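The file entry_3.cif comes next; it holds mmCIF, C-alpha atoms and all ligand atoms.
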data_data
#
loop_
_atom_site.label_atom_id
_atom_site.label_comp_id
_atom_site.auth_asym_id
_atom_site.auth_seq_id
_atom_site.Cartn_x
_atom_site.Cartn_y
_atom_site.Cartn_z
CA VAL A 1 24.61 13.00 -11.80
CA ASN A 2 23.85 9.40 -10.81
CA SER A 3 20.93 7.00 -11.25
CA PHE A 4 19.79 6.88 -7.60
CA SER A 5 16.10 7.83 -7.54
CA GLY A 6 13.52 8.77 -4.92
CA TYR A 7 15.95 9.67 -2.12
CA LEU A 8 15.45 12.42 0.44
CA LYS A 9 18.50 14.66 0.79
CA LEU A 10 19.60 14.97 4.42
CA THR A 11 22.91 16.86 4.01
CA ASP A 12 25.36 17.81 1.28
CA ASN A 13 26.33 14.14 0.87
CA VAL A 14 23.85 11.88 2.75
CA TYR A 15 20.61 10.71 1.14
CA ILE A 16 17.96 8.30 2.51
CA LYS A 17 15.10 6.14 1.16
CA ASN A 18 12.62 3.52 2.39
CA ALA A 19 13.78 0.69 0.16
CA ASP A 20 14.86 -2.94 0.03
CA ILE A 21 18.64 -2.79 -0.41
CA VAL A 22 18.61 -6.00 -2.46
CA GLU A 23 16.07 -4.62 -4.93
CA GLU A 24 17.83 -1.25 -4.95
CA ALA A 25 21.18 -2.85 -5.78
CA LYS A 26 19.59 -4.98 -8.51
CA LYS A 27 18.05 -1.86 -10.08
CA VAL A 28 20.97 0.57 -9.79
CA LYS A 29 23.93 -1.83 -10.02
CA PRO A 30 26.03 0.65 -8.03
CA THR A 31 29.80 0.69 -8.03
CA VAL A 32 29.73 -0.18 -4.31
CA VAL A 33 27.06 -1.83 -2.16
CA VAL A 34 27.82 -1.99 1.56
CA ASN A 35 27.13 -5.23 3.42
CA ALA A 36 26.32 -5.30 7.15
CA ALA A 37 29.03 -7.90 7.76
CA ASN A 38 30.42 -9.74 10.76
CA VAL A 39 34.11 -10.50 11.31
CA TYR A 40 33.75 -14.06 9.95
CA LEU A 41 31.82 -12.95 6.85
CA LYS A 42 29.11 -15.47 7.77
CA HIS A 43 26.13 -13.98 5.96
CA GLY A 44 23.34 -15.71 7.84
CA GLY A 45 20.64 -13.09 8.37
CA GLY A 46 19.80 -9.43 8.33
CA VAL A 47 21.10 -7.39 5.41
CA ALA A 48 23.98 -9.85 4.91
CA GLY A 49 21.72 -12.89 4.71
CA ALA A 50 19.47 -11.17 2.17
CA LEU A 51 22.31 -9.90 -0.02
CA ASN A 52 24.01 -13.29 0.01
CA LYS A 53 20.74 -15.03 -0.90
CA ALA A 54 20.39 -12.67 -3.87
CA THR A 55 23.84 -13.84 -5.10
CA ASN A 56 22.75 -17.50 -4.92
CA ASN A 57 25.35 -18.03 -2.13
CA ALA A 58 28.26 -16.85 -4.33
CA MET A 59 28.98 -14.10 -1.80
CA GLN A 60 29.34 -16.70 0.96
CA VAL A 61 31.62 -18.92 -1.15
CA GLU A 62 33.90 -15.97 -1.94
CA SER A 63 33.81 -14.85 1.70
CA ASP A 64 34.81 -18.27 3.02
CA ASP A 65 37.90 -18.20 0.80
CA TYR A 66 38.70 -14.68 2.00
CA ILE A 67 38.54 -15.75 5.66
CA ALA A 68 40.55 -18.92 5.04
CA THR A 69 43.33 -16.75 3.58
CA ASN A 70 43.18 -13.64 5.77
CA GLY A 71 41.40 -14.51 9.01
CA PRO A 72 38.55 -12.52 10.53
CA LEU A 73 37.98 -8.82 10.09
CA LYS A 74 38.19 -6.38 12.98
CA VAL A 75 35.07 -4.86 14.49
CA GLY A 76 35.05 -1.45 12.81
CA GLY A 77 36.94 -2.83 9.80
CA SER A 78 36.09 -3.77 6.25
CA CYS A 79 37.16 -5.56 3.11
CA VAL A 80 36.32 -5.09 -0.57
CA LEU A 81 35.03 -8.18 -2.37
CA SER A 82 32.98 -8.76 -5.51
CA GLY A 83 29.51 -7.31 -5.82
CA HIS A 84 28.46 -10.37 -7.85
CA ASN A 85 25.16 -9.69 -9.67
CA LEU A 86 24.30 -6.77 -7.36
CA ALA A 87 27.11 -4.21 -7.77
CA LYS A 88 30.65 -3.95 -9.06
CA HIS A 89 32.05 -4.30 -5.53
CA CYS A 90 30.72 -5.16 -2.09
CA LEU A 91 32.29 -3.30 0.83
CA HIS A 92 31.80 -5.63 3.80
CA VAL A 93 31.79 -3.39 6.89
CA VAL A 94 31.64 -4.66 10.47
CA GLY A 95 29.70 -2.40 12.79
CA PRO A 96 29.53 -3.36 16.46
CA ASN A 97 26.83 -5.89 17.37
CA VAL A 98 25.27 -4.67 20.62
CA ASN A 99 23.74 -8.12 21.12
CA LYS A 100 27.36 -9.35 21.42
CA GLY A 101 28.41 -6.63 23.87
CA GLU A 102 30.59 -4.82 21.34
CA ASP A 103 31.59 -1.21 21.92
CA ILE A 104 29.17 1.15 20.19
CA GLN A 105 32.01 3.68 19.90
CA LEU A 106 33.39 1.49 17.09
CA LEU A 107 30.46 2.59 14.90
CA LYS A 108 32.33 5.74 13.87
CA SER A 109 35.35 3.65 12.84
CA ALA A 110 33.02 1.42 10.81
CA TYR A 111 31.54 4.38 8.91
CA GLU A 112 35.04 5.77 8.21
CA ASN A 113 35.49 2.90 5.75
CA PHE A 114 32.88 4.56 3.52
CA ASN A 115 35.24 7.52 2.92
CA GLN A 116 37.45 5.32 0.73
CA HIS A 117 34.67 5.22 -1.91
CA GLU A 118 33.24 8.18 -3.79
CA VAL A 119 29.65 6.83 -3.93
CA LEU A 120 27.99 3.97 -2.03
CA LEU A 121 24.63 2.29 -1.54
CA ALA A 122 24.41 1.25 2.10
CA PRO A 123 22.27 0.25 5.07
CA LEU A 124 22.54 1.87 8.48
CA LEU A 125 25.43 0.22 10.30
CA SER A 126 24.67 -1.70 13.50
CA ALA A 127 20.90 -1.32 12.94
CA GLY A 128 18.51 -4.23 12.64
CA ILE A 129 19.79 -7.42 14.26
CA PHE A 130 23.03 -5.72 15.35
CA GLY A 131 20.88 -4.05 18.02
CA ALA A 132 22.03 -0.42 17.95
CA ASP A 133 19.79 2.64 17.96
CA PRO A 134 19.22 3.49 14.27
CA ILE A 135 18.74 7.18 15.08
CA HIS A 136 22.22 7.24 16.63
CA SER A 137 23.64 5.32 13.67
CA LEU A 138 22.26 7.93 11.28
CA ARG A 139 23.81 10.70 13.40
CA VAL A 140 27.22 9.03 13.32
CA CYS A 141 26.89 8.38 9.58
CA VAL A 142 26.06 11.99 8.73
CA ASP A 143 28.84 13.15 11.07
CA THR A 144 31.46 10.70 9.72
CA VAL A 145 30.91 9.96 6.03
CA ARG A 146 32.07 12.70 3.64
CA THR A 147 31.60 10.79 0.39
CA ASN A 148 28.19 10.38 -1.27
CA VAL A 149 26.10 7.79 0.56
CA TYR A 150 22.66 6.53 -0.46
CA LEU A 151 21.07 4.90 2.60
CA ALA A 152 18.35 2.26 2.22
CA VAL A 153 16.04 1.66 5.20
CA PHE A 154 13.88 -1.46 4.82
CA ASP A 155 11.23 -0.71 7.46
CA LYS A 156 8.80 1.99 6.29
CA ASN A 157 7.87 2.83 9.88
CA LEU A 158 11.54 3.22 10.84
CA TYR A 159 12.27 5.36 7.78
CA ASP A 160 9.52 7.85 8.65
CA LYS A 161 10.90 8.10 12.19
CA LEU A 162 14.48 8.72 11.02
CA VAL A 163 13.36 11.55 8.73
CA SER A 164 10.90 13.10 11.18
CA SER A 165 13.48 12.88 13.98
CA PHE A 166 16.47 13.98 11.88
CA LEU A 167 18.21 17.12 13.11
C1 LIG A 201 20.19 -2.41 8.76
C2 LIG A 201 18.80 -2.83 9.35
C3 LIG A 201 18.11 -1.60 10.00
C4 LIG A 201 17.40 -0.63 9.02
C5 LIG A 201 16.68 -1.26 7.78
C6 LIG A 201 15.13 -1.46 8.13
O1 LIG A 201 14.46 -2.19 7.14
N1 LIG A 201 17.23 -2.58 7.29
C7 LIG A 201 17.20 -2.91 5.89
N2 LIG A 201 17.08 -1.90 5.00
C8 LIG A 201 17.04 -2.15 3.65
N3 LIG A 201 17.14 -3.35 3.09
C9 LIG A 201 17.27 -4.36 3.96
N4 LIG A 201 17.38 -5.67 3.63
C10 LIG A 201 17.47 -6.47 4.72
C11 LIG A 201 17.44 -5.66 5.85
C12 LIG A 201 17.32 -4.27 5.40
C13 LIG A 201 17.95 -3.49 8.23
CL CL A 202 18.57 -6.45 10.20
#

Would you give me this structure, written as structure tokens?
Amino acid sequence: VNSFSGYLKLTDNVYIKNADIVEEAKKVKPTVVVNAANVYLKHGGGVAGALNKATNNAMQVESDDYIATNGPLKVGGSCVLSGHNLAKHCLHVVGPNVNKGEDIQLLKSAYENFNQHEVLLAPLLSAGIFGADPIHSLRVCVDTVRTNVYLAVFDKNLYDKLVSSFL
């Protein structure tokens, strides 16, 4: 039993809600919140920009040190950093950005990172400003993640479409 509330159950392990991931994280304080990261951990907009803003830029400061030490992530890769005031940990996961011409096939690799964590709060990878089809992203998620994932979808109109179109 966990404290996630108001989610629709899609499968044995995948749950979904129309919610603001920042406000969700602040309420639940999950062990792991997933960030929709880029390889440079530059958290300028989208989910990443909002999460970083909620940490008062502490996420960006920590991320800049991580990149200075380790270099960029891979598309499809991830790193675990602090969750600051939002969660114990933040799993920064890089889904392909279609608006950069990145291979959408890497979306499955991106979701595989979730399997290293028993429970996660997350957005749909490569959705929003990363320019992928969110219906496809949900399909890959459900078909890739085996651990317990609580998906937050910011747009109420998009949420209703994902549910009503979910197979
Ligand atoms: C991932 C991308 C697509 C699906 C979904 C729609 O709103 N979305 C978000 N969901 C929840 N919280 C959010 N904060 C900032 C953005 C955001 C953004
Ligand atoms: Cl977005």

Just how far from atom CA of residue A:47 is atom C9 of ligand LIG 201 (chain A), in Å to one decimal?
5.1 Å

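If you count only C-alpha atoms and ignore residues fewer than 3 places along the chain from residue A:159, what sits within 10 Å of it is residues 16, 17, 18, 19, 134, 135, 152, 153, 154, 155, 156, 162, 163, 164 and 165 of chain A.
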
Compare A:22, A:158, A:90, A:167 by their minimum atom-to-atom distance to residue A:53, counting only C-alpha atoms, and give me the closest one.
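Using only C-alpha atoms, the shortest distance to residue A:53 belongs to A:22.
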
Between A:73, A:8, A:87, A:37, single out the one closest to ligand LIG 201 (chain A), counting all atoms listed in the file.
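Under the stated criterion, the closest residue is A:37.
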
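From atom CA of residue A:102 back to atom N2 of ligand LIG 201 (chain A), the distance works out to 21.4 Å.
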
Within 8 Å of ligand CL 202 (chain A), which residues of chain A show up? Give each one with its shortest atom-to-atom distance in Å (one decimal) and the two atoms involved, counting all atoms listed in the file, rows by chain then rising residue number, as CSV.
residue,atom,partner,partner_atom,distance
A:45,CA,A:CL202,CL,7.2
A:46,CA,A:CL202,CL,3.7
A:47,CA,A:CL202,CL,5.5
A:127,CA,A:CL202,CL,6.3
A:128,CA,A:CL202,CL,3.3
A:129,CA,A:CL202,CL,4.3
A:130,CA,A:CL202,CL,6.9

Taking 3 positions as the minimum chain separation for residues in the same chain, which residues sit within 9 Å of stretch 136-140 of chain A when counting only C-alpha atoms? Answer as a VMD selection string.
chain A and resid 107 to 108 111 124 to 127 132 to 133 143 to 145 162 166 to 167

Could you state the separation of atom CA of residue A:1 and atom CA of residue A:109 in Å, given to one decimal place?
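Separating atom CA of residue A:1 from atom CA of residue A:109 is a distance of 28.5 Å.
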
Show me, as a count of residues only, the residues that have an atom within 12 Å of residue A:54 when counting all atoms listed in the file, minus same-chain residues fewer than 2 positions from it.
24

Here is a test: counting all atoms listed in the file, which residue of A:147, A:97, A:105, A:115 is nearest to ligand LIG 201 (chain A)?
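Comparing A:147, A:97, A:105, A:115 against ligand LIG 201 (chain A), the winner is A:97.
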
Among listed residues A:62, A:74, A:82, A:44, nearest ligand LIG 201 (chain A) (using all atoms listed in the file)
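With all atoms listed in the file as the atom set, the closest residue is A:44.
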
Please determine, counting all atoms listed in the file, which residue among A:35, A:11, A:2, A:78 has the shortest atom-to-atom distance to ligand LIG 201 (chain A).
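Among the listed residues, A:35 lies closest to ligand LIG 201 (chain A).
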
Which centre and edge lengths in Å to one decimal define the box along x, y and z that fits every listed atom of stretch 108-121 of chain A plus 6 Å per side, as lines of an AutoDock Vina configuration file?
center_x = 31.0
center_y = 4.8
center_z = 5.0
size_x = 24.8
size_y = 18.8
size_z = 29.8

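Restricting the calculation to only C-alpha atoms and all ligand atoms, the smallest distance between ligand LIG 201 (chain A) and any of A:3, A:157, A:13, A:113 is found for A:157.
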
List as an MDAnalysis selection string the protein and nucleic acid residues near residue A:150, meaning an atom at most 7 Å away when all atoms listed in the file are counted, but skip any in the same chain fewer than 5 places from it.
chainID A and resid 14:16 120:122
